[PDB]
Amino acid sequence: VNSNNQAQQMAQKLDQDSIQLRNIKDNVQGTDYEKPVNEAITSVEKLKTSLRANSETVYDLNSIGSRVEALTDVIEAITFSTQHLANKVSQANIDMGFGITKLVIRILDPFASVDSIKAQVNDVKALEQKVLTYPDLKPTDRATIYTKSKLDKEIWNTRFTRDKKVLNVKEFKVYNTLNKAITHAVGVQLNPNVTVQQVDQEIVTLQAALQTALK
C-alpha cells in the first residue's frame, strides 16, 4: 500500500530529526531554547510511538505528516537563532523561543488541527524576520549567554589544540600556563556582569595564550 511506504519515510525522517535535535540539545543549554528542544525531542518519540503503534493498520497519514514537517521548521528556527541572533538583545531570543514553544505545543497537541499547525509555522517564520530588526547589543552592554557562546567554543577549541599540540609536545610549565588562561576564561564565562567587550577581549587573550604555548 502507498500508506506503509509513506509511514517509513516519516519514521526515517523522525530519526534524522532525533539525531539533529540531540546535537542541538547540547548547544542550547541554559538558553531560551533548552526546554523547547526538550519538548521537541519528546515530540519526536511520541510521533514514532504513534507511527509504530499503527504500523500495519494503513490509515490517514495527513495529521501525522504535518507534525513531522513542522519539526523541520522547529529545527530551522533554532539554527536561525545560532547564525543570526547572537548579537541581539535578550528579547530577540526570548520572543523567538516563545514562538518555537508555541509550535512544539501544537505538534504535541492531539486536538491541534493541521491548519492550526501550519498557521503556527508561519507565526514562527514571521517571528524570525521580526526579531532581526531588534537592536544589537552595545559593546558596553551586559553579555548574554549567546554572547558567551563564542567564548565557550573558543575554550573547547583551545582544549583540543592543547591536548594535540602542547600536552606531550612542550614542557609541563607551558601546559600549566596555558591551563591557567583556560581556567581564567571559564571565570569570565561564569561572570554574569562581564560586558560584550570583556568577552571579546577574553577570546583574544585566550587565543594569545594558545599561541604563547605554541611558539
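Just count from 1 along the sequence shown to find any residue number.
Averaged over their C-alpha atoms, the temperature factors of 186-194 and 56-64 are higher for 56-64. For the two regions 163-171 and 22-30, the entry's Cα B-factors average higher over 22-30. Among all modelled residues in this chain, the alpha-carbon of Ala11 has a temperature factor (C-alpha) in the highest third. Per the PDB record, residue ranking by Cα B-factor puts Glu39 in the lowest third of the chain. For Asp141, the recorded CA B-factor ranks within the middle third of the chain. Only modelled residues enter the ranking.
Among the modelled residues of its chain, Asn122 has a C-alpha B-factor that falls in the highest third according to the deposited record. Ranked by C-alpha B-factor against the other modelled residues of its chain, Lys150 falls in the highest third.
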